[PDB]
There are 2 protein chains.
Amino acid sequence: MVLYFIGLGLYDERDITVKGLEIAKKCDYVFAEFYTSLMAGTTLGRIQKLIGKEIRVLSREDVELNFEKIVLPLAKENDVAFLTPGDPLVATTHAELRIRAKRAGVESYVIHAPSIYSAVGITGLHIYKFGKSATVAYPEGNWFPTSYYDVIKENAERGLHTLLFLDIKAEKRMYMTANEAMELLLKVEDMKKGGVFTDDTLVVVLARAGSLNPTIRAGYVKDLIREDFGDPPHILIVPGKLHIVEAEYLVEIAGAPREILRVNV
Amino acid sequence: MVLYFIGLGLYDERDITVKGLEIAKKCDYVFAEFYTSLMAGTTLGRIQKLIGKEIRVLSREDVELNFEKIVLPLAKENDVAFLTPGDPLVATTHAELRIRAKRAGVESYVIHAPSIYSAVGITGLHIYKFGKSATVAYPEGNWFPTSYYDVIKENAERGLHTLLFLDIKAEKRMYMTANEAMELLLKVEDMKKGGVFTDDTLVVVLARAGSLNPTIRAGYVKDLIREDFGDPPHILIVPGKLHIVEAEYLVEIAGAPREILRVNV
Ligand SMILES: Nc1ncnc2c1ncn2[C@@H]1O[C@H](CSCC[C@H](N)C(=O)O)[C@@H](O)[C@H]1O
């Protein structure tokens with residue numbers, strides 16, 4: 001009778017909310033997609049074991065083109081769940097699927113889960129200070145995406161931090177590292193020369209949020225661009241002007257150069 | 001020797017993650033704070049029964065002034081949990097507590113949970129389009145703060161959405177309603193005349209996010225200002241120019257008038 005969109009969280013199968021788990025366990029059919037993000041600390045098997053249900057994984061094509069043919073038909077006479085990494089409606093286009101559900105006469109409900117969008121709070125940067133977000137996409141052929149550079153410029157001008165989601169090519173098992181994102185940004189900088197992203201720019205890297213020991217590092221691009229931040233997923237952040245407490249946390253917790261403690265007010 | 005910052009999530013006792021629950025259950029001591037926000041869909045008793053541990057609630061003073069006197073001494077020789085509504089470290093004052101832990105020679109780990117910051121994705125508005133966030137504070141005496149109005153102005157002129165956290169008197173457990181926020185914003189507009197918030201402004205109200213039955217409503221201030229959005233908590237969003245997909249979700253899912261499809265896109 002219903003369709004549930006349930007987030008699985010940041011890193012492993014235990015990042016699902018108790019609410020989401022109890023609801024999933026009682027659903028008749030369970031579908032899921034693992035192309036919008038990477039849960040580096042679990043496997044399909046462990047997720048299936050926790051929920052006690054077989055999980056039918058769908059590809060991007062299955063979802064975007066055939067969601068109404070694969071999932072919705074069952075939701076008309078059964079309780080169906082659609083699982084996704086992190087929060088199902090953050091930096092995905094899954095919200096549109098609720099419209100398809102409605103038009104198909106299917107009621108849908110959303111169960112949230114920890115998202116990287118809010119988890120960056122662990123970097124010590126004030127969440128309210130984050131401005132517009134952007135995605136660093138892999139260049140393809142003659143096409144080299146650069147909109148994310150303008151976003152950083154716009155936020156920085158306002159003293160706001162910029163969250164940069166990094167690209168993912170699930171089927172090819174490609175996960176953009178913070179290092180690759182920094183390299184692309186330097187290239188865009190040489191092209192636009194806006195002084196937005198250089199070797200002297202302070203950046204923050206958060207890798208495998210959700211795990212108990214995520215990698216949290218802050219420093220200048222010149223020093224971090226070749227640093228090993230561990231396995232993906234990674235997210236890159238370009239902070240705006242720092243408040244004293246933000247700088248203190250980056251130094252004490254993220255190993256940033258003590259010199260950033262001296263904010264230029 | 002270990003302190004766990006564990007998020008309780010959005011609304012009720014089941015919004016904690018499985019990871020958070022299992023870790024909390026094994027902790028020797030469990031503390032909690034309910035001053036950064038509240039858990040409107042549950043009670044201390046229900047949270048205690050779920051975790052199966054006595055929970056010592058701490059006031060803002062207990063934490064800000066005495067975190068190292070009350071919590072850290074126990075964390076030095078035991079496993080201690082510190083529960084917070086939402087996702088830990090979204091609240092600005094949380095981060096610094098990890099530095100206190102470090103100074104006391106205590107290891108700390110963060111267990112994330114859903115935050116309203118990311119849960120607003122259920123409004124159908126693209127997460128990347130949210131700019132700087134702000135809090136609408138109740139005016140009192142001769143004090144009439146209005147910085148949140150400027151935040152909306154700066155975001156909107158850049159085509160970005162503005163997430164407005166509404167004031168809460170945690171201690172007294174009194175919540176500002178979206179209606180009161182709209183009244184205040186109209187009040188501020190009449191004083192600043194910036195043309196930022198008027199009867200013709202399109203707003204989105206999200207009430208009781210996390211619940212299976214949150215109220216999601218979109219429409220013009222003139223129509224929503226006296227509407228009943230149900231019990232707290234309420235969140236108010238002033239969207240910037242909309243992508244057609246965002247507008248269609250607001251119409252189909254949030255009952256927005258068809259007019260937004262031609263006026264706000
Ligand atoms: N645990 C994690 N650690 C670091 N980055 C993460 C992450 N989970 C997701 N990301 C980042 O976000 C991108 C996916 S965007 C989809 C996000 C998801 N709906 C959520 O709510 O988190 C990844 O390519 C990566 O850059």
# chains A, B, ... in the order shown; residues from 1 in each chain; ligands from 1
call {"tool": "interface_residues", "arguments": {"of": "chain B", "to": "chain A", "cutoff": "7 Å", "atoms": "only C-alpha atoms", "output": "PyMOL selection string"}}
result
chain B and resi 14-19+89-90+92+95-96+99+109-115+117-119+121-122+124+127-134+210+212+249+252
call {"tool": "select_by_dssp", "arguments": {"residues": "segment 4-253 of chain B", "states": "strand (DSSP E or B)", "output": "PyMOL selection string"}}
result
chain B and resi 4-7+9+17+29-33+55-58+79-84+86+107-111+130+134-136+140+143+161-166+168-169+174-175+202-207+209+211+215-220+234-238
call {"tool": "residues_around", "arguments": {"residues": "residue 255 of chain B", "least_positions_apart": "6", "cutoff": "8 Å", "atoms": "only C-alpha atoms", "output": "number ranges by chain"}}
result
B: 217-219
call {"tool": "select_by_dssp", "arguments": {"residues": "segment 18-115 of chain A", "states": "alpha helix (DSSP H)", "output": "ChimeraX atom specification"}}
result
/A:18-25,44-51,60-70,72-75,95-103
call {"tool": "write_last_selection", "arguments": {"atoms": "N, CA and C atoms", "output": "short mmCIF file (atom, residue, chain, number, x, y, z; two decimals), in the first residue's frame"}}
result
data_model
loop_
_atom_site.label_atom_id
_atom_site.label_comp_id
_atom_site.auth_asym_id
_atom_site.auth_seq_id
_atom_site.Cartn_x
_atom_site.Cartn_y
_atom_site.Cartn_z
N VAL A 18 16.95 3.70 13.87
CA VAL A 18 16.17 2.60 14.43
C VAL A 18 14.81 2.56 13.75
N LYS A 19 14.25 3.74 13.51
CA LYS A 19 12.95 3.87 12.86
C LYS A 19 13.01 3.24 11.47
N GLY A 20 14.05 3.58 10.72
CA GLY A 20 14.21 3.04 9.38
C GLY A 20 14.37 1.54 9.37
N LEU A 21 15.12 1.02 10.34
CA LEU A 21 15.34 -0.42 10.42
C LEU A 21 14.06 -1.17 10.76
N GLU A 22 13.32 -0.68 11.75
CA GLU A 22 12.08 -1.35 12.15
C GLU A 22 11.04 -1.34 11.04
N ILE A 23 11.03 -0.28 10.23
CA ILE A 23 10.09 -0.20 9.12
C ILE A 23 10.53 -1.12 7.98
N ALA A 24 11.83 -1.10 7.66
CA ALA A 24 12.35 -1.93 6.58
C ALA A 24 12.12 -3.41 6.84
N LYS A 25 12.34 -3.83 8.08
CA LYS A 25 12.16 -5.23 8.48
C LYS A 25 10.76 -5.76 8.21
N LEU A 44 26.50 -5.38 0.78
CA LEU A 44 25.08 -5.66 0.57
C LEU A 44 24.66 -6.78 1.51
N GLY A 45 25.53 -7.77 1.66
CA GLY A 45 25.23 -8.90 2.53
C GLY A 45 24.94 -8.51 3.96
N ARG A 46 25.76 -7.63 4.53
CA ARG A 46 25.57 -7.19 5.90
C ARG A 46 24.29 -6.38 6.06
N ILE A 47 23.96 -5.59 5.04
CA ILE A 47 22.74 -4.79 5.07
C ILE A 47 21.54 -5.72 5.02
N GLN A 48 21.62 -6.74 4.17
CA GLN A 48 20.53 -7.71 4.04
C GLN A 48 20.33 -8.46 5.35
N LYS A 49 21.44 -8.86 5.98
CA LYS A 49 21.37 -9.58 7.24
C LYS A 49 20.69 -8.75 8.33
N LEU A 50 21.02 -7.46 8.40
CA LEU A 50 20.44 -6.58 9.41
C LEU A 50 18.94 -6.39 9.23
N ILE A 51 18.51 -6.18 7.99
CA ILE A 51 17.10 -5.97 7.69
C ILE A 51 16.32 -7.28 7.59
N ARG A 60 21.25 3.15 -12.02
CA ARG A 60 20.75 4.50 -12.26
C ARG A 60 19.69 4.48 -13.35
N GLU A 61 19.92 3.67 -14.38
CA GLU A 61 18.95 3.57 -15.47
C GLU A 61 17.63 2.98 -14.96
N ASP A 62 17.73 1.94 -14.14
CA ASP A 62 16.53 1.30 -13.59
C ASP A 62 15.68 2.33 -12.86
N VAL A 63 16.33 3.16 -12.05
CA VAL A 63 15.63 4.18 -11.28
C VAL A 63 15.10 5.35 -12.10
N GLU A 64 16.00 6.08 -12.74
CA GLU A 64 15.61 7.25 -13.52
C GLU A 64 14.65 6.98 -14.66
N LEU A 65 14.83 5.86 -15.36
CA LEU A 65 13.95 5.55 -16.48
C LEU A 65 12.78 4.61 -16.17
N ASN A 66 12.99 3.64 -15.29
CA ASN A 66 11.94 2.67 -15.00
C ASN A 66 11.44 2.50 -13.57
N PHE A 67 11.57 3.52 -12.74
CA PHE A 67 11.10 3.41 -11.36
C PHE A 67 9.61 3.04 -11.31
N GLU A 68 8.82 3.65 -12.19
CA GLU A 68 7.37 3.39 -12.22
C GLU A 68 7.01 2.01 -12.75
N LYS A 69 7.97 1.30 -13.33
CA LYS A 69 7.70 -0.03 -13.87
C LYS A 69 8.23 -1.13 -12.96
N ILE A 70 9.32 -0.83 -12.26
CA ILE A 70 9.96 -1.79 -11.37
C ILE A 70 9.50 -1.74 -9.92
N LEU A 72 7.07 0.99 -8.25
CA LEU A 72 5.69 1.40 -7.99
C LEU A 72 4.60 0.35 -8.14
N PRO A 73 4.69 -0.53 -9.15
CA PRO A 73 3.65 -1.55 -9.31
C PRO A 73 3.44 -2.39 -8.05
N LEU A 74 4.53 -2.74 -7.39
CA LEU A 74 4.47 -3.54 -6.17
C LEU A 74 3.95 -2.73 -4.98
N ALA A 75 4.28 -1.44 -4.96
CA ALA A 75 3.86 -0.56 -3.87
C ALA A 75 2.35 -0.33 -3.86
N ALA A 95 13.92 13.12 -4.91
CA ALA A 95 12.69 13.80 -4.52
C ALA A 95 11.65 13.71 -5.63
N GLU A 96 12.12 13.76 -6.87
CA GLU A 96 11.23 13.67 -8.03
C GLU A 96 10.47 12.35 -8.04
N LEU A 97 11.07 11.30 -7.48
CA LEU A 97 10.43 9.99 -7.43
C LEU A 97 9.14 10.02 -6.61
N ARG A 98 9.03 10.96 -5.68
CA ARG A 98 7.82 11.05 -4.87
C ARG A 98 6.66 11.54 -5.74
N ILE A 99 6.99 12.34 -6.76
CA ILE A 99 5.97 12.85 -7.67
C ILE A 99 5.46 11.70 -8.52
N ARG A 100 6.38 10.83 -8.96
CA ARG A 100 6.00 9.67 -9.75
C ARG A 100 5.12 8.75 -8.91
N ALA A 101 5.46 8.64 -7.63
CA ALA A 101 4.69 7.80 -6.73
C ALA A 101 3.25 8.31 -6.63
N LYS A 102 3.11 9.61 -6.41
CA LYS A 102 1.79 10.22 -6.28
C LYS A 102 0.95 9.97 -7.53
N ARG A 103 1.51 10.30 -8.69
CA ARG A 103 0.78 10.14 -9.94
C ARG A 103 0.38 8.67 -10.16
#
call {"tool": "atom_distance", "arguments": {"atom1": "atom CA of residue 83 of chain A", "atom2": "atom 15 (S, counted along the ligand's line) of ligand 1"}}
result
14.5 Å
call {"tool": "closest_residue", "arguments": {"among": "A:180, A:33, A:150, A:167", "to": "ligand 1", "atoms": "only C-alpha atoms and all ligand atoms"}}
result
A:167
